[PDB]
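J.: Submitted below is the structure of interest, expressed as C-alpha cells.
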Number of protein chains: 2
Amino acid sequence: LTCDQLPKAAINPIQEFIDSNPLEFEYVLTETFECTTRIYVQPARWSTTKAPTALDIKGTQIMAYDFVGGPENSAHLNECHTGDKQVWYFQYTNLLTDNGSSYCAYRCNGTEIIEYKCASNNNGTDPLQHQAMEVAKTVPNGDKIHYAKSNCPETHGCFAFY
Amino acid sequence: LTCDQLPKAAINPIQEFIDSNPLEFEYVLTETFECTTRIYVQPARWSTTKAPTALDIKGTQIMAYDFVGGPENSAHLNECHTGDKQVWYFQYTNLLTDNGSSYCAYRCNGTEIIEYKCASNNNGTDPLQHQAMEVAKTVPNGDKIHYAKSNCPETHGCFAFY
Ligand SMILES: *[C@@H]1O[C@H](CO)[C@@H](O)[C@H](O)[C@H]1NC(C)=O
Ligand SMILES: *[C@@H]1O[C@H](CO)[C@@H](O)[C@H](O)[C@H]1NC(C)=O
Ligand SMILES: *[C@@H]1O[C@H](CO)[C@@H](O)[C@H](O)[C@H]1NC(C)=O
Ligand SMILES: *[C@@H]1O[C@H](CO)[C@@H](O)[C@H](O)[C@H]1NC(C)=O
C-alpha cells in the first residue's frame, strides 16, 4: 500500500467539525503536532474566500490554515502566516456519535506519507481510529506515525489548553 | 465615573458567542491585544469543569482562558498556561444581528480600568461599540484605550489570521 492508495473519505459539512471542537491529536507523524489541540472555525464575515479555518494549537503557539475543498475529497489548506499550500485527505471520519467524534487525516508526497493527524474528542476510544492508524503505518514513511500525547506539559486548570 | 460603576451587562448564552466566531478586537487598553482575533470554544467533552474557553490569537501566539460565570454578570477567567485568574464584565453585548456581532468587555482593579476588549465581526460598525468605548475612556486609566488595528502585519491569504 502507498500513500496515494489510502482512502479519500468524504469530508463532512464544516458545521459537524465545528460542533466537534475541541479535538486533540492522538497520532501524528512529525513532532510538530504532538500535544496539539485542533479547533475548526467558520469563515469570517469579512472573508472574501469564505473559507473556514483549521487551528493547530500547541501550548501558546498556533498554526492556522484557511481551507477549501478540491478534487477527489481533498482539502486545500493555505497556511495563514506564509501562504504555503498543503493538500490533505481524510482516511475516515466519524463525527458526532454517542461517543463523540474522531477522524484521521493525512498528507502525501506521492507514494510516501509526510504528515498524519488523527484527532478525537473521546481520548482515542473510537475503534476506527487505532485501526486507521495501523493502516497508515503500512505506507512508505508510515513508520514515523506515533502516539501524540506521551509527554505533554502539565495543565494549569484547563483541559484542552496548557 | 469609575470602573466599578460601568454597566455589568447580562452575558449571552455561550453558543451565541461561538456562533459569532471569528471576532477581531477594535479597541483595547494595553498593547497585548492589538491585532488579535477572538475565538470562543465550547467545553471539551473530557473537561471536568465543563467551562468554555476564550482564545486570544495574535499571529502565531495564543492565550487561552477557561471561564465560568460568577456574581453580578462576572466572567471568571483561568489563564490556561499559568492558572492566573481574571475577573471580567461586559459593558454591553449585541450578538447575531443582521449586521453581525459586537461587544465590549473590561477588567477593573477597583476604580481603575486595567484592560479593555471591544470585539466585533463587522469591522467596528455597530454604533453601540464606539459609544461604549467613549464611555470606558472616561473612567480612571481609560485614557489608554485605543484602536486595536492601526499597524497589523500583512496577511498571506487568510482573513482572521496572519
Ligand atoms: C514533494 O517532494 C519533492 C522532492 O523534494 C518536492 O520537489 C515537491 O515540492 C514535494 N511536493 C509538494 C506538493 O510540495
Ligand atoms: C486517555 O488515554 C490514555 C491511554 O491511551 C490514558 O493514559 C489516559 O489516562 C486517558 N485519559 C482519561 C481521562 O481517561
Ligand atoms: C489590584 O492592584 C493591587 C495593587 O497593586 C494588587 O495588590 C491586587 O492584586 C490587584 N487586584 C487583583 C484582583 O489582581
Ligand atoms: C475596517 O475599518 C477601517 C476604518 O476604521 C478601515 O480602514 C478598513 O478599510 C475597514 N475594512 C474594510 C474591509 O472595510
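Residues in the C-alpha cells are numbered from 1 in each chain, the chains being A, B, ... in the order shown, and ligands are numbered from 1 in the order shown.
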What are the residues of chain B lining chain A at 10 Å or less? Count only C-alpha atoms, and put the answer as a VMD selection string.
T.: chain B and resid 18 to 24 39 to 53 55 57 to 67 78 to 84 99 to 101 121 to 123 153 to 162
J.: Residues within 8 Å of residue 89 (chain B), please, as a PyMOL selection string. Count only C-alpha atoms; anything in the same chain fewer than 5 positions from it doesn't count.
T.: chain B and resi 8-9+73-75+105-107
J.: Could you turn the residues from that selection into a file that holds C-alpha atoms, as a PDB file, in the first residue's frame?
T.:
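Okay, again30.pdb is ready:
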```
ATOM      1  CA  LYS B   8     -22.344  44.869  34.051  1.00  0.00           C
ATOM      2  CA  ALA B   9     -24.411  43.527  31.170  1.00  0.00           C
ATOM      3  CA  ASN B  73     -22.628  39.090  35.488  1.00  0.00           C
ATOM      4  CA  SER B  74     -18.914  38.463  36.001  1.00  0.00           C
ATOM      5  CA  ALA B  75     -16.817  36.138  33.895  1.00  0.00           C
ATOM      6  CA  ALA B 105     -15.660  43.751  27.825  1.00  0.00           C
ATOM      7  CA  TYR B 106     -13.473  45.195  30.566  1.00  0.00           C
ATOM      8  CA  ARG B 107     -11.312  44.302  33.544  1.00  0.00           C
TER       9      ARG B 107
END
```
J.: What does the list of residues within 9 Å of ligand 3 look like if you count only C-alpha atoms and all ligand atoms, written as an MDAnalysis selection string?
T.: chainID B and resid 85:87 108:110
J.: From region 8-162 of chain B, collect each residue whose DSSP state is strand (DSSP E) and return the set as a PyMOL selection string.
T.: chain B and resi 23-28+37-41+53-58+61-69+75-79+85-97+100-109+112-120+146-147
J.: Identify all residues of region 41-159 of chain A in alpha helix (DSSP H) (DSSP on the backbone) and supply them as a list in words.
T.: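 Residues of region 41-159 of chain A classed as alpha helix (DSSP H): residues 127, 128, 129, 130, 131, 132, 133, 134, 135 and 136 of chain A.
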J.: Counting only C-alpha atoms, what is within 7 Å of residue 118 (chain A), bar same-chain residues fewer than 3 positions away, as a ChimeraX atom specification?
T.: /A:25-28,103-105
J.: Restricting the calculation to only C-alpha atoms and all ligand atoms: of A:95, A:136, A:128, A:77, which residue gets closest to ligand 1?
T.: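 Among A:95, A:136, A:128, A:77, it is A:77 that comes nearest to ligand 1.
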J.: Nearest to residue 93 (chain A) among A:117, A:149, A:76, A:137, with distances taken over only C-alpha atoms: which residue is it?
T.: A:117
